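Working notes, structure below.
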Amino acid sequence: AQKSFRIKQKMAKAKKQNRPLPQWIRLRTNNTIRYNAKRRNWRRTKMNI
Amino acid sequence: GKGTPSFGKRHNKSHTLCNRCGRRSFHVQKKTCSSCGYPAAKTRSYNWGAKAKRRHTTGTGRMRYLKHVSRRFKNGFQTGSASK
Amino acid sequence: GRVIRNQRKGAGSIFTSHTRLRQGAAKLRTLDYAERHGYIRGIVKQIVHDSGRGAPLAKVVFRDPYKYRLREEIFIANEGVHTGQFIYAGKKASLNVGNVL
Amino acid sequence: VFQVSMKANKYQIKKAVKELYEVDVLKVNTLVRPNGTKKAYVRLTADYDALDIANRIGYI
Amino acid sequence: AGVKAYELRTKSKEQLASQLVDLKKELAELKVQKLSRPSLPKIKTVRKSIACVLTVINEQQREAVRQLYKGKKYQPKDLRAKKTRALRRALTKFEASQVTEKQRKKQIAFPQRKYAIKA
RNA sequence: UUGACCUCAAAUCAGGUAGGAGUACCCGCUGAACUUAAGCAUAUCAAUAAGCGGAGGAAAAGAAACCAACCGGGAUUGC
RNA sequence: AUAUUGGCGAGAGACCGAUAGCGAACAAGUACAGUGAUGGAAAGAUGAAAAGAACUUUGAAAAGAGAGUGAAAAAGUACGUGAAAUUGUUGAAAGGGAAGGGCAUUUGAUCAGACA
RNA sequence: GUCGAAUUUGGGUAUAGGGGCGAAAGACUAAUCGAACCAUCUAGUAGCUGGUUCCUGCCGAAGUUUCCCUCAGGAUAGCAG
RNA sequence: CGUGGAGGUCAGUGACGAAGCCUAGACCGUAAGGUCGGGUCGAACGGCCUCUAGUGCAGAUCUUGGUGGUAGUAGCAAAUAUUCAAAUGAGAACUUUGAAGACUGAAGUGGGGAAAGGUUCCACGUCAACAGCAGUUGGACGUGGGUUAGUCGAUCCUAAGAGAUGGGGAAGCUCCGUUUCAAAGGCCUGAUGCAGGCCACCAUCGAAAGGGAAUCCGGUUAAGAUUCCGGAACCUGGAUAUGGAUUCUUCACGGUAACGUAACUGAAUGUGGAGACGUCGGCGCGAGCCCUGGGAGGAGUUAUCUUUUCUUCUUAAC
RNA sequence: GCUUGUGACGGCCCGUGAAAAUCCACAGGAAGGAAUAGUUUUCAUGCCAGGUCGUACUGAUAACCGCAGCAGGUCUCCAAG
RNA sequence: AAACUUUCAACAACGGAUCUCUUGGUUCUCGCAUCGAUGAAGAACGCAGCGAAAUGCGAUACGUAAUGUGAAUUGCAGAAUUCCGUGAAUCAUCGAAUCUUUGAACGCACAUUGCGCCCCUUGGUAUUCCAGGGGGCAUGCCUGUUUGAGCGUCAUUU
Ligand SMILES: CN[C@@H]1[C@@H](O)[C@@H](O[C@@H]2[C@@H](O)[C@H](O[C@H]3O[C@H]([C@@H](C)O)[C@@H](O)[C@H](O)[C@H]3N)[C@@H](N)C[C@H]2N)OC[C@]1(C)O
Ligand SMILES: CN[C@@H]1[C@@H](O)[C@@H](O[C@@H]2[C@@H](O)[C@H](O[C@H]3O[C@H]([C@@H](C)O)[C@@H](O)[C@H](O)[C@H]3N)[C@@H](N)C[C@H]2N)OC[C@]1(C)O
Ligand SMILES: [Mg+2]
Ligand SMILES: [Mg+2]
Ligand SMILES: [Mg+2]
Ligand SMILES: [Mg+2]
Ligand SMILES: [Mg+2]
Ligand SMILES: [Mg+2]
Ligand SMILES: [Mg+2]
Ligand SMILES: [Mg+2]
Ligand SMILES: [Mg+2]
Ligand SMILES: [Mg+2]
Ligand SMILES: [Mg+2]
Ligand SMILES: [Mg+2]
Ligand SMILES: [Mg+2]
Ligand SMILES: [Mg+2]
Ligand SMILES: [Mg+2]
Ligand SMILES: [Mg+2]
Ligand SMILES: [Mg+2]
Ligand SMILES: [Mg+2]
Ligand SMILES: [Mg+2]
Ligand SMILES: [Mg+2]
Ligand SMILES: [Mg+2]
Ligand SMILES: [Mg+2]
Ligand SMILES: [Mg+2]
Ligand SMILES: [Mg+2]
Ligand SMILES: [Mg+2]
Ligand SMILES: [Mg+2]
Ligand SMILES: [Mg+2]
Ligand SMILES: [Mg+2]
Ligand SMILES: [Mg+2]
Ligand SMILES: [Mg+2]
Ligand SMILES: [Mg+2]
Ligand SMILES: [Mg+2]
Ligand SMILES: [Mg+2]
Ligand SMILES: [Mg+2]
Ligand SMILES: [Mg+2]
Ligand SMILES: [Mg+2]
Ligand SMILES: [Mg+2]
Ligand SMILES: [Mg+2]
Ligand SMILES: [Mg+2]
Ligand SMILES: [Mg+2]
Ligand SMILES: [Mg+2]
Ligand SMILES: [Mg+2]
Ligand SMILES: [Mg+2]
Ligand SMILES: [Mg+2]
Ligand SMILES: [Mg+2]
Ligand SMILES: [Mg+2]
Ligand SMILES: [Mg+2]
Ligand SMILES: [Mg+2]
Ligand SMILES: [Mg+2]
Ligand SMILES: [Mg+2]
Ligand SMILES: [Mg+2]
Ligand SMILES: [Mg+2]
Ligand SMILES: [Mg+2]
Ligand SMILES: [Mg+2]
Ligand SMILES: [Mg+2]
Ligand SMILES: [Mg+2]
Ligand SMILES: [Mg+2]
Ligand SMILES: [Mg+2]
Ligand SMILES: [Mg+2]
Ligand SMILES: [Mg+2]
Ligand SMILES: [Mg+2]
Ligand SMILES: [Mg+2]
Ligand SMILES: [Mg+2]
Ligand SMILES: [Mg+2]
Ligand SMILES: [Mg+2]
Ligand SMILES: [Mg+2]
Ligand SMILES: [Mg+2]
Ligand SMILES: [Mg+2]
Ligand SMILES: [Mg+2]
Ligand SMILES: [Mg+2]
Ligand SMILES: [Mg+2]
Ligand SMILES: [Mg+2]
Ligand SMILES: [Mg+2]
Ligand SMILES: [Mg+2]
Ligand SMILES: [Mg+2]
Ligand SMILES: [Mg+2]
Ligand SMILES: [Mg+2]
Ligand SMILES: [Mg+2]
Ligand SMILES: [Mg+2]
Ligand SMILES: [Mg+2]
Ligand SMILES: [Mg+2]
Ligand SMILES: [Mg+2]
Ligand SMILES: [Mg+2]
Ligand SMILES: [Mg+2]
Ligand SMILES: [Mg+2]
Ligand SMILES: [Mg+2]
Ligand SMILES: [Mg+2]
Ligand SMILES: [Mg+2]
Ligand SMILES: [Mg+2]
Ligand SMILES: [Mg+2]
Ligand SMILES: [Mg+2]
Ligand SMILES: [Mg+2]
Ligand SMILES: [Mg+2]
Ligand SMILES: [Mg+2]
Ligand SMILES: [Mg+2]
Ligand SMILES: [Mg+2]
Ligand SMILES: [Mg+2]
Ligand SMILES: [Mg+2]
Ligand SMILES: [Mg+2]
Ligand SMILES: [Mg+2]
Ligand SMILES: [Mg+2]
Ligand SMILES: [Mg+2]
Ligand SMILES: [Mg+2]
Ligand SMILES: [Mg+2]
Ligand SMILES: [Mg+2]
Ligand SMILES: [Mg+2]
Ligand SMILES: [Mg+2]
Ligand SMILES: [Mg+2]
Ligand SMILES: [Mg+2]
Ligand SMILES: [Mg+2]
Ligand SMILES: [Mg+2]
Ligand SMILES: [Mg+2]
Ligand SMILES: [Mg+2]
Ligand SMILES: [Mg+2]
Ligand SMILES: [Mg+2]
Ligand SMILES: [Mg+2]
Ligand SMILES: [Mg+2]
Ligand SMILES: [Mg+2]
Ligand SMILES: [Zn+2]
């Protein structure tokens with residue numbers, strides 16, 4: 001409901017990072033990334049506040 | 001049910017977000033945090049905890065100032081600038 | 001063995017006294033020039049019930065001797081003291097229920 | 001409607017709208033966007049037309 | 001293109017102030033286009049320009065105050081040399097070499113004498 | 001009445017300095033038990049682990065209130 | 001002169017060779033568990049080079065079939081080699097309450113040698 | 001069973017391990033309680049149980065003696081190489 | 001006999017194919033093992049004389065990984081329940097719409113919140129994985145969009161409680177003490193230090209359910225609204241002027257009184273009142289709801305009956 | 001009638017049922033005040049200003065915790081015939 | 001006789017053994033002496049034309065200045081980009097800066113982006129109320145300065 005800013009800010013950095021790889025990353029040279037490893041989802045890994 | 005039906009009551013965070021180290025170790029009712037001991041002056045550490053130590057000591061951070069101090073020492077701690 | 005009840009009382013965690021509804025510490029007036037030479041009146045304004053005392057309290061107001069204002073004292077109301085009784089305190093006071101000497 | 005530094009209040013904002021855009025600000029209500037930006041709804045005095053003040057700053 | 005550094009050192013200060021406002025007006029326009037456009041790389045050169053103005057501005061006012069305090073005790077700290085806090089304490093060469101009267105006399109009396117042997 | 005002395009204070013006074021970090025090595029405080037004893041309490045593990053304080057490029061130690069009993073030796077450290 | 005499982009900078013080894021070697025050779029003190037102190041992984045190798053399979057064709061697609069690239073698709077981003085358990089199909093054989101073994105020959109299959 | 005009170009309950013706040021808390025069951029103290037949990041001392045000790053990785057050749061045992069807080073173990077002589 | 005590595009040798013084998021793997025093919029040894037052919041393969045490797053060790057596995061309820069039989073098996077049976085047609089789509093028992101049968105029955109399967117979550121909300125795109133059948137649907141995937149306040153909360157105040165400070169203990173990490181054996185600080189006036197009078201409470205944190213300054217209705221969005229749009233308010237803090245009132249009895253009259261009012265100087269210093277309060281019982285009364293007559297409109301039933309059944313008829317803060 | 005507010009009372013207690021920040025009043029009589037005009041921001045009207053953080057939705061037989069779209073656990077307001 | 005079951009083979013599965021690699025680990029030795037109030041270690045939150053991370057940086061934000069080299073950067077897009085040149089570049093180098101919110105963290109707090117105070121300046125008609133902008137107030141202690149306190153105490157006024 002009515003949340004601390006500190007929380008509503010970390011919430012934002014959260015949402016901001018929930019995204020698939022930028023597909024252009026794959027094309028780079030000597031690029032070893034494939035998918036987004038660290039991807040989270042609300043119902044699976046809760047953030048611990 | 002010392003089990004599940006009485007885990008259904010866990011809504012109240014024992015700690016919140018520590019300011020100094022960010023660890024969600026900051027004990028509400030105790031107003032101190034269980035990792036670095038903020039607000040204590042020194043930062044909390046022990047020798048049985050070498051894995052904790054290794055986790056938090058210098059070099060897990062940005063080393064913002066300290067990084068270049070080996071360079072700066074290399075040069076004799078120079079002032080002014082190079083000419084051409 | 002464990003620590004018995006009667007030892008556990010003494011660092012006073014859940015044992016300390018239930019202090020909330022309490023009218024404040026009952027006391028006489030301080031021992032001053034007015035009581036140890038002359039006498040000094042007061043009025044019992046209010047007698048009122050203390051929580052966790054069986055003994056009613058008398059709220060008795062005096063006149064500050066050294067500045068202009070009223071000062072309230074919390075008196076343990078002896079049987080018969082009533083609302084609006086004058087109360088006299090000091091070496092030279094008289095002998096009547098409720099005066100102090 | 002403008003994205004606006006979090007570090008600005010309704011004051012420094014209405015100050016920067018008058019200056020940079022030459023317009024008169026009826027009222028400002030700011031909120032903060034789920035991604036950590038501050039959006040501003042800046043209402044112009046009826047003396048101005050926002051549609052017209054808009055494509056003068058060049059977006060449409 | 002844009003904003004060489006050596007080129008803003010010869011200019012004076014009031015116009016660097018008014019040249020910046022141009023970069024700022026500029027930058028603020030580019031930002032209104034970059035949301036009309038897929039690509040807007042020019043926007044880099046201008047914002048990195050704004051940095052080079054502000055470099056020289058502050059570079060200037062700084063070497064300004066450095067002279068108007070020069071040659072005296074007590075000039076503000078950030079113009080003092082950084083060295084290290086352990087070098088910043090560090091008995092000075094003057095109060096290092098300082099010798100006692102009685103010792104100065106002995107040095108002079110008998111300092112170390114270069115000699116040698118011959119087999 | 002005025003001028004000192006002494007002690008004790010107050011300034012966002014003038015300039016300074018201490019705090020945390022790291023800790024392999026170092027100077028101190030504090031301080032076990034597992035263990036060995038085929039049991040176990042002195043003892044051992046050990047003047048060790050854990051805890052606390054404080055340094056440096058090394059620390060510390062050091063020009064003898066030393067060692068010796070010799071025809072004497074001669075600050076300290078280390079092998 | 002002595003000390004040095006820390007810091008910075010260097011040369012090396014009859015050391016380890018991705019279940020080894022520091023827990024981490026990888027976005028590793030990561031992901032993740034936990035109220036918390038703490039705990040704490042898995043995971044390297046297409047090829048010289050993407051030349052990463054145009055184009056046709058069946059399919060709603062995924063794909064399949066052709067074609068094509070390449071020294072190699074018995075290298076197709078499930079990619080070097082590709083073992084074993086275990087599994088599909090083809091071939092062969094045998095089997096009246098297990099299977100397997102030893103000696104010996106018949107039969108089927110299959111082979112070396114020798115001679116000239 | 002109780003259900004208008006020694007009632008139910010939210011949130012805040014106090015007590016921390018030989019300690020707390022207990023209308024008392026050794027109950028409760030984060031699925032942990034006749035002493036929580038975390039790490040380190042710590043590869044704790046074991047006369048006890050389990051295992052202990054190639055081949056062949058020759059030799060080839062003992063369960064008895066004496067002492068032992070010894071009786072599932074040692075020392076000791078005897079057998080064996 | 002075999003393995004990893006080292007010194008020496010064979011100017012040893014190799015991209016014209018090293019090493020490894022596969023092979024009821026061939027050979028040597030009692031054996032540990034060694035050799036060969038064929039297949040697969042790609043970049044190194046072996047004999048001999050010595051050196052060295054993290055050197056040989058079937059087991060340790062062994063460690064890590066990998067895989068079977070069980071086995072298309074146990075199972076996918078609480079919470080009354082589904083049906084017909086069409087639309088869409090490659091595909092419909094399961095998605096949409098239409099019709100039907102039902103349920104939760106206002107102590108809800110409705111309408112909102114507190115803790116907690118943290119984008120789930122909403123749109124479009126979408127079906128590899130997930131939704132222990134299905135999936136064209138989703139709380140899934142992908143790209144976006146979205147949360148507007150002087151008045152709603154927070155901020156302020158205090159509660160149990162927590163906790164700086166002169167201090168007192170403790171080798172120390174730190175323990176103790178919040179009035180605490182203290183030289184503790186302000187505030188209003190003026191005549192900017194000055195003249196003054198004071199008042200001297202010595203921190204602070206601790207309530208999104210306690211206290212408390214103040215907003216209502218209508219409309220609006222895909223998603224926000226007591227926040228936005230329209231009108232209509234109130235408060236708090238600053239500024240000042242015009243009217244009004246008051247005075248030649250200077251700081252208002254009237255009313256016996258209780259009281260009146262459009263107003264109708266006020267420094268401290270004091271005092272008083274709201275802040276400010278249990279619980280239950282019955283009685284009164286208000287507000288919303290319930291029921292219901294007349295009538296003005298819409299809806300249903302009408303073989304038969306019913307001046308009938310249903311429903312609109314409203315009024316915010318100020 | 002139902003709900004909810006509220007009043008005036010009554011029962012109850014060895015239980016008698018918070019505190020602070022605020023707002024007002026009163027006592028009070030410092031001081032300042034008219035007649036050629038003076039006092040009056042608690043009567044009316046009129047001007048400027050009100051920042052900052054939160055505000056979506058769920059609130060549960062799928063949005064929380066129970067390893068999960070778990071027959072469990074988890075505070076409350078509204079309530080028709 | 002099939003089916004089925006077993007056993008061997010080839011192809012195909014399943015799985016990741018072997019072998020060969022090796023920007024890593026390990027140990028040995030050699031040399032060096034540098035964190036912090038001049039805000040350190042660490043923390044949160046940000047920065048890119050197009051990034052979720054690693055690495056890097058701080059509202060001048062994969063970076064600014066300065067010096068060296070001498071033409072690249074590259075995944076695409078992009079450059080009055082400018083190549084016999086104060087000049088490409090994610091280059092090296094680093095001597096000058098920036099350096100958000102913090103943190104021993106210092107005005108007071110901090111489950112709050114919560115609440116003061118003082119100085120300069122600007123704007124609202126303003127010493128005073130509101131706002132914008134720059135600049136400031138922690139503690140212990142030493143040296144010194146200025147102002148003070150006490151019949152602690154010494155002189156000196158008539
Ligand atoms: C190859 N696999 C084996 C194959 O060896 C053979 O097995 C025979 C077996 O049938 C013979 O036969 C025997 O075993 C069978 C069996 C069904 O138990 C019995 O029914 C029978 O009584 C008995 N005589 C036995 N004596 C020797 C094996 N080699 O038969 C087929 C199989 C059992 O699958
Ligand atoms: C020389 N010895 C005495 C010394 O014994 C001590 O005495 C204290 C005295 O100061 C206290 O007294 C003081 O402190 C107390 C405190 C406890 O709150 C206060 O209540 C009291 O009013 C106050 N005067 C007294 N109440 C206790 C004595 N032992 O301190 C005072 C002293 C004169 O220095
Ligand atoms: Mg590579
Ligand atoms: Mg490559
Ligand atoms: Mg979980
Ligand atoms: Mg959790
Ligand atoms: Mg949380
Ligand atoms: Mg609970
Ligand atoms: Mg708690
Ligand atoms: Mg965590
Ligand atoms: Mg550890
Ligand atoms: Mg130099
Ligand atoms: Mg008490
Ligand atoms: Mg807002
Ligand atoms: Mg806001
Ligand atoms: Mg300075
Ligand atoms: Mg140092
Ligand atoms: Mg000073
Ligand atoms: Mg220190
Ligand atoms: Mg001791
Ligand atoms: Mg041991
Ligand atoms: Mg023993
Ligand atoms: Mg023993
Ligand atoms: Mg120690
Ligand atoms: Mg040395
Ligand atoms: Mg020394
Ligand atoms: Mg001497
Ligand atoms: Mg000697
Ligand atoms: Mg090194
Ligand atoms: Mg490994
Ligand atoms: Mg590992
Ligand atoms: Mg658990
Ligand atoms: Mg390789
Ligand atoms: Mg490669
Ligand atoms: Mg094909
Ligand atoms: Mg090949
Ligand atoms: Mg081919
Ligand atoms: Mg193969
Ligand atoms: Mg290949
Ligand atoms: Mg495979
Ligand atoms: Mg392959
Ligand atoms: Mg096989
Ligand atoms: Mg049978
Ligand atoms: Mg048998
Ligand atoms: Mg059978
Ligand atoms: Mg047989
Ligand atoms: Mg009843
Ligand atoms: Mg409770
Ligand atoms: Mg409750
Ligand atoms: Mg709580
Ligand atoms: Mg005990
Ligand atoms: Mg105790
Ligand atoms: Mg339990
Ligand atoms: Mg035994
Ligand atoms: Mg036995
Ligand atoms: Mg080895
Ligand atoms: Mg075989
Ligand atoms: Mg071959
Ligand atoms: Mg081969
Ligand atoms: Mg090769
Ligand atoms: Mg071994
Ligand atoms: Mg093996
Ligand atoms: Mg095995
Ligand atoms: Mg064996
Ligand atoms: Mg199984
Ligand atoms: Mg299976
Ligand atoms: Mg099946
Ligand atoms: Mg079936
Ligand atoms: Mg079945
Ligand atoms: Mg069942
Ligand atoms: Mg159709
Ligand atoms: Mg159909
Ligand atoms: Mg269905
Ligand atoms: Mg029903
Ligand atoms: Mg709702
Ligand atoms: Mg809701
Ligand atoms: Mg959709
Ligand atoms: Mg399914
Ligand atoms: Mg499916
Ligand atoms: Mg939805
Ligand atoms: Mg989505
Ligand atoms: Mg507000
Ligand atoms: Mg408060
Ligand atoms: Mg304290
Ligand atoms: Mg103190
Ligand atoms: Mg103290
Ligand atoms: Mg409240
Ligand atoms: Mg309101
Ligand atoms: Mg909107
Ligand atoms: Mg809505
Ligand atoms: Mg009148
Ligand atoms: Mg109350
Ligand atoms: Mg009819
Ligand atoms: Mg109202
Ligand atoms: Mg009553
Ligand atoms: Mg007032
Ligand atoms: Mg008043
Ligand atoms: Mg006077
Ligand atoms: Mg909302
Ligand atoms: Mg809402
Ligand atoms: Mg909601
Ligand atoms: Mg609900
Ligand atoms: Mg509900
Ligand atoms: Mg869950
Ligand atoms: Mg047959
Ligand atoms: Mg195969
Ligand atoms: Mg490599
Ligand atoms: Mg900084
Ligand atoms: Mg990068
Ligand atoms: Mg250059
Ligand atoms: Mg560089
Ligand atoms: Mg260089
Ligand atoms: Mg800057
Ligand atoms: Mg602070
Ligand atoms: Mg905020
Ligand atoms: Mg905050
Ligand atoms: Mg002004
Ligand atoms: Mg102000
Ligand atoms: Mg200071
Ligand atoms: Mg200081
Ligand atoms: Zn912390």
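By convention here, the chains of the structure tokens are called A, B, ... in the order presented, each chain's residues are numbered starting at 1, and ligands are numbered starting at 1 in the order presented.
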
Could you work out which residues of chain D fall inside 10 Å of chain K? Count only C-alpha atoms (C1' of nucleotides), and format the result as a ChimeraX atom specification. /D:5,7,11-12,15,36

Got time to write the residues from that selection, C-alpha atoms, as a compact mmCIF listing (two decimals), in the first residue's frame?
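Okay, this is what ended up in result_13.txt:
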```txt
# COMPACT_ATOMS: atom_id res chain seq x y z
CA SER D 5 14.60 15.74 -12.03
CA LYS D 7 15.54 16.71 -6.97
CA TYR D 11 8.63 25.36 -7.21
CA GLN D 12 11.91 24.91 -9.15
CA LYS D 15 10.28 28.28 -12.37
CA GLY D 36 12.31 6.06 -10.82
```

Residues of chain C within 12 Å of chain J: nearest atom pair and distance (Å, one decimal) for each, counting only C-alpha atoms (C1' of nucleotides), sorted by chain and number, as a Markdown table?
```
| residue | atom | partner | partner_atom | distance |
| --- | --- | --- | --- | --- |
| C:19 | CA | J:18 | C1' | 10.7 |
| C:20 | CA | J:18 | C1' | 7.0 |
| C:21 | CA | J:18 | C1' | 6.9 |
| C:22 | CA | J:18 | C1' | 10.0 |
| C:23 | CA | J:18 | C1' | 11.5 |
| C:48 | CA | J:16 | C1' | 9.5 |
| C:49 | CA | J:16 | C1' | 7.2 |
| C:50 | CA | J:16 | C1' | 8.9 |
| C:51 | CA | J:15 | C1' | 8.3 |
| C:52 | CA | J:14 | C1' | 9.0 |
| C:53 | CA | J:14 | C1' | 8.7 |
| C:54 | CA | J:14 | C1' | 6.3 |
| C:55 | CA | J:14 | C1' | 9.8 |
| C:56 | CA | J:16 | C1' | 11.5 |
```

Convert the current residue selection to file output with C-alpha atoms, as a PDB file, in the first residue's frame.
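Everything below was put into again.pdb:
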```pdb
ATOM      1  CA  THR C  19       2.589   2.196  36.654  1.00  0.00           C
ATOM      2  CA  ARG C  20       0.237   3.657  34.045  1.00  0.00           C
ATOM      3  CA  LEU C  21      -3.057   4.619  35.682  1.00  0.00           C
ATOM      4  CA  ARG C  22      -1.284   5.863  38.785  1.00  0.00           C
ATOM      5  CA  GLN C  23      -2.001   9.373  40.140  1.00  0.00           C
ATOM      6  CA  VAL C  48      -9.691  10.480  44.124  1.00  0.00           C
ATOM      7  CA  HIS C  49      -8.974   6.770  43.734  1.00  0.00           C
ATOM      8  CA  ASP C  50      -5.479   5.394  43.025  1.00  0.00           C
ATOM      9  CA  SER C  51      -5.063   2.234  40.894  1.00  0.00           C
ATOM     10  CA  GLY C  52      -3.141  -0.370  42.862  1.00  0.00           C
ATOM     11  CA  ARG C  53      -3.642   1.458  46.164  1.00  0.00           C
ATOM     12  CA  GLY C  54      -6.567   0.698  48.423  1.00  0.00           C
ATOM     13  CA  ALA C  55      -6.224   4.118  50.009  1.00  0.00           C
ATOM     14  CA  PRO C  56      -7.916   7.196  48.489  1.00  0.00           C
TER      15      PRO C  56
END
```

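Residues of protein or nucleic acid lying within 9 Å of ligand 40, counting only C-alpha atoms (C1' of nucleotides) and all ligand atoms, are residues 78 of chain G; 13, 14, 15 and 16 of chain K.
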
Restrict the calculation to only C-alpha atoms (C1' of nucleotides) and all ligand atoms, then for each residue of chain I with any atom at most 12 Å from an atom of ligand 66 give the closest atom pair and their distance in Å to one decimal, rows by chain and rising residue number, as JSON lines.
```
{"residue": "I:67", "atom": "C1'", "partner": "ligand 66", "partner_atom_place_in_ligand_line": "1 (Mg)", "distance": 9.4}
{"residue": "I:68", "atom": "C1'", "partner": "ligand 66", "partner_atom_place_in_ligand_line": "1 (Mg)", "distance": 8.0}
{"residue": "I:69", "atom": "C1'", "partner": "ligand 66", "partner_atom_place_in_ligand_line": "1 (Mg)", "distance": 9.5}
{"residue": "I:70", "atom": "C1'", "partner": "ligand 66", "partner_atom_place_in_ligand_line": "1 (Mg)", "distance": 9.3}
{"residue": "I:71", "atom": "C1'", "partner": "ligand 66", "partner_atom_place_in_ligand_line": "1 (Mg)", "distance": 7.7}
{"residue": "I:72", "atom": "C1'", "partner": "ligand 66", "partner_atom_place_in_ligand_line": "1 (Mg)", "distance": 10.2}
{"residue": "I:73", "atom": "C1'", "partner": "ligand 66", "partner_atom_place_in_ligand_line": "1 (Mg)", "distance": 11.2}
```

If you run DSSP on the backbone here, which positions in chain D get helix (DSSP H, G or I)? Please write them as a VMD selection string. chain D and resid 10 to 21 50 to 57

With 8 Å as the limit and counting only C-alpha atoms (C1' of nucleotides), what residues in chain B lie close to chain F? Please list them as a PyMOL selection string. chain B and resi 41-43+47-48+58

Written file, previous selection with N, CA and C atoms, as a JSON list (two decimals), in the first residue's frame:
```json
[["chain", "number", "residue", "atom", "x", "y", "z"],
["B", 41, "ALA", "N", 30.41, 2.22, 15.70],
["B", 41, "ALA", "CA", 31.51, 2.89, 15.03],
["B", 41, "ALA", "C", 32.29, 1.94, 14.15],
["B", 42, "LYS", "N", 33.01, 1.01, 14.77],
["B", 42, "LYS", "CA", 33.69, 0.02, 13.97],
["B", 42, "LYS", "C", 32.66, -0.82, 13.22],
["B", 43, "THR", "N", 33.12, -1.51, 12.18],
["B", 43, "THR", "CA", 32.28, -2.41, 11.41],
["B", 43, "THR", "C", 32.52, -3.85, 11.89],
["B", 47, "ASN", "N", 37.13, -13.48, 13.58],
["B", 47, "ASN", "CA", 38.08, -14.36, 12.89],
["B", 47, "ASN", "C", 37.52, -15.75, 12.57],
["B", 48, "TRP", "N", 36.55, -16.25, 13.34],
["B", 48, "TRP", "CA", 35.91, -17.49, 12.93],
["B", 48, "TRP", "C", 35.14, -17.32, 11.64],
["B", 58, "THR", "N", 38.16, -5.23, 1.74],
["B", 58, "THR", "CA", 38.54, -4.34, 0.64],
["B", 58, "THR", "C", 38.79, -5.15, -0.63]]
```

Residues of chain I no more than 10 Å from chain C, counting only C-alpha atoms (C1' of nucleotides): send them over as a ChimeraX atom specification. /I:159-160,269-271

Env. residues ligand 116 / 7 Å / only C-alpha atoms (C1' of nucleotides) and all ligand atoms / as JSON, numbers by chain: {"K": [110, 112, 113, 114]}

Surrounding residues as a list in words, ligand 50, max 8 Å, only C-alpha atoms (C1' of nucleotides) and all ligand atoms: residues 12, 28 and 29 of chain B; 11, 12 and 13 of chain H

May I ask you to extract the residues of chain D within 12 Å of chain J, using only C-alpha atoms (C1' of nucleotides), and to give them as JSON, numbers by chain? {"D": [6, 7, 8, 9, 10, 11, 12, 13, 28, 29, 30, 31, 32, 33, 34]}

Could those selected residues go to a file with C-alpha atoms, as a tab-separated table (two decimals), in the first residue's frame?
```tsv
chain	number	residue	atom	x	y	z
D	6	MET	CA	13.55	14.00	-8.84
D	7	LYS	CA	15.54	16.71	-6.97
D	8	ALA	CA	13.08	19.42	-8.06
D	9	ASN	CA	9.92	20.45	-6.20
D	10	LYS	CA	6.76	22.05	-7.55
D	11	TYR	CA	8.63	25.36	-7.21
D	12	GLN	CA	11.91	24.91	-9.15
D	13	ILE	CA	9.73	23.16	-11.77
D	28	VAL	CA	1.77	21.64	-11.03
D	29	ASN	CA	1.00	18.14	-9.66
D	30	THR	CA	4.03	15.84	-9.66
D	31	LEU	CA	4.11	12.08	-9.15
D	32	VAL	CA	7.02	9.63	-9.44
D	33	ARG	CA	7.05	6.96	-12.23
D	34	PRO	CA	7.50	3.24	-11.41
```

Quick check for you: according to DSSP on this backbone, which residues of chain D are classed as strand (DSSP E or B)? Reply as a PyMOL selection string. chain D and resi 2-4+25-33+37-44

Could you report the residues within 10 Å of ligand 77, using only C-alpha atoms (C1' of nucleotides) and all ligand atoms, as a list in words? residues 123, 124, 125, 126, 137 and 138 of chain I

For those residues, write C-alpha atoms (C1' of nucleotides) to a file as a PDB file, in the first residue's frame.
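Ended up saving to selection.pdb:
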```pdb
ATOM      1  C1'   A I 123      -3.518  -2.613 -23.930  1.00  0.00           C
ATOM      2  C1'   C I 124      -1.635  -4.780 -27.917  1.00  0.00           C
ATOM      3  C1'   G I 125       1.378  -8.753 -29.706  1.00  0.00           C
ATOM      4  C1'   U I 126       1.481 -14.219 -28.229  1.00  0.00           C
ATOM      5  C1'   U I 137      -7.546 -18.457 -22.787  1.00  0.00           C
ATOM      6  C1'   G I 138      -3.906 -16.611 -18.186  1.00  0.00           C
TER       7        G I 138
END
```
